[PDB]
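Here the structure is laid out as structure tokens; the discussion comes afterwards.
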Amino acid sequence: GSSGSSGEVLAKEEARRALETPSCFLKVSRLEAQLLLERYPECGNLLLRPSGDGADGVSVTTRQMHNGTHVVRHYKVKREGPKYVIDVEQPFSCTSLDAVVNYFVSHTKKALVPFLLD
């Protein structure tokens with residue numbers, strides 16, 4: 001017997017899979033989007049998950065310290081044209097999903113961190 005053929009080192013391959021949505025984003029269910037936070041805290045808590053129904057857009061799951069309790073919040077994002085308005089005090093117009101992630105960072109009084117999973 002004699003054989004042995006496999007793809008080259010193929011160690012120089014990279015991918016961002018961020019066509020319309022930011023890499024940070026991930027496809028998961030609420031039940032998960034929540035735990036995923038407590039599970040991988042070092043990887044920030046700010047993550048984005050695809051909604052189910054109701055309106056058009058994506059939500060932002062963020063678990064911040066409140067009155068010393070464990071609670072997560074899910075923000076909503078409106079879809080008005082080629083831009084995505086943020087559901088907040090003022091209708092902050094952006095150019096892409098990425099912006100939102102940022103606006104939130106500067107918005108909060110604390111430097112939050114995005115969530116990612118390779």
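Residues 1 to 118 (the deposited numbering) make up the sequence shown, in order.
Backbone N, C-alpha and C define an ideal beta-carbon position, used for all residues, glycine too.
**Asked** For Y103, which residues from the same chain have a beta carbon less than 8 Å from its beta carbon, with the 5 sequence-adjacent residues on both sides left out?
**Response** For the purposes of this step, residue 103 is taken as residue 103 along the sequence shown, with counting starting at 1. Contacts found: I86, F92 and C94.
**Request:** Report the rounded CA-to-CA distance for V58 versus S6, giving the unit in angstroms.
**Result:** For the purposes of this step, residue 58 is identified with residue 58 of the sequence shown, where counting begins at 1. For the purposes of this step, residue 6 is identified with residue 6 of the sequence shown, where counting begins at 1. Each residue's Cα considered, the two are about 40 Å apart.
**Request:** Just grab the DSSP bridge partners of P22 for me.
**Result:** Along the sequence shown, one-based indexing puts residue 22 at 22. In DSSP, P22 forms no bridge with anything.
**Message:** With a threshold of 8 Å on Cβ separation, who are the neighbours of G44 within its own chain once the five nearest residues in sequence on each side are excluded?
**Reply:** In the sequence shown, the residue the question calls residue 44 occupies position 44. These residues qualify, in order along the chain: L112, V113, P114, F115 and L116.
**Prompt:** At what residues does the alpha helix (DSSP H) containing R39 begin and finish?
**Reply:** Within the sequence shown, numbered from 1, the residue matching residue 39 stands at position 39. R30 to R39 is the extent of the alpha helix (DSSP H) around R39.
**Asked** What did DSSP end up calling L97 once you bin it into helix, strand or coil?
**Response** In the sequence shown, the residue the question calls residue 97 occupies position 97. Looking at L97 - three-state DSSP - the assignment turns out to be helix.
**Asked** How should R73 be labelled, buried or exposed, when 16 other C-beta atoms within 10 angstroms of its C-beta is the threshold for buried?
**Response** Walking along the sequence shown from the start, residue 73 turns up at place 73. Label assigned to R73: exposed.
**Prompt:** Of all the beta strand (DSSP E) runs that stay within the bounds of the region 64-110, which reach a length of 3 or more residues?
**Reply:** 73-75
**Message:** On a Cα-Cα basis, can you pick out the residue from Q90, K109, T108 and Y84 that is closest to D98?
**Reply:** Residue numbering aside, residue 98 sits at position 98 when the sequence shown is read from its first letter. Answer by Cα proximity: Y84.
**Message:** Using 8 Å for Cβ pairs, my map puts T61 next to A33. What's the rounded Cβ distance?
**Reply:** Position 61 of the sequence shown, counted from the start, is the residue given in the question as residue 61. Position 33 of the sequence shown, counted from the start, is the residue given in the question as residue 33. Confirmed, about 5 Å.
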